[PDB]
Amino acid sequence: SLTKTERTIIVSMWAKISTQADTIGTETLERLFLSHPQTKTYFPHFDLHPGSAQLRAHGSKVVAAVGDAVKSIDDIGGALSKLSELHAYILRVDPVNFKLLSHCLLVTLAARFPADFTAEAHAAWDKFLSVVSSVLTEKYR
């Protein structure tokens, strides 16, 4: 869970993200796949070249799920249980990969909303994305 000053920065930054959700998703994944190409091993049949329709479509879903976490921020694990089964049991994504994606979303947010991306906002988002990542990750791995 997060604190008041944190939950409110999350909710408040989300308002800004929502109107550019599609491009934030796409950019987050392009940064990820180009900076840490080994993460592509989890998408063997996807075309993950920059600009691809498939990468773009996936980026929209990822940011939309972050939205689900923000909506049910008081109970993220509850809201993401199906996605959690998908990422833990089904796909067995190694925990390290979530850190790589989270960092790329922070990079994207910092470049997109420089004024709202204070050290304090950066801290609340790093913490929020760590909660999201733990939820999606196979416990104890």
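The first residue of the shown sequence is 1; numbering continues from there.
- For the two regions 75 to 83 and 22 to 30, the entry's Cα B-factors average higher over 75 to 83.
- Taking the PDB entry as given, 8 to 16 carries the higher mean Cα B factor of the two stretches 128 to 136 and 8 to 16.
- The PDB entry assigns its highest CA temperature factor, among 51, 59, 37, 95, to 51.
- Ranked against the other modelled residues of its chain, the C-alpha B-factor of residue 45 as given in the entry falls in the highest third.
- Looking at the C-alpha B-factors along this chain, the one for residue 105 belongs to the lowest third.
- Per the PDB record, residue ranking by Cα B-factor puts residue 63 in the lowest third of the chain.
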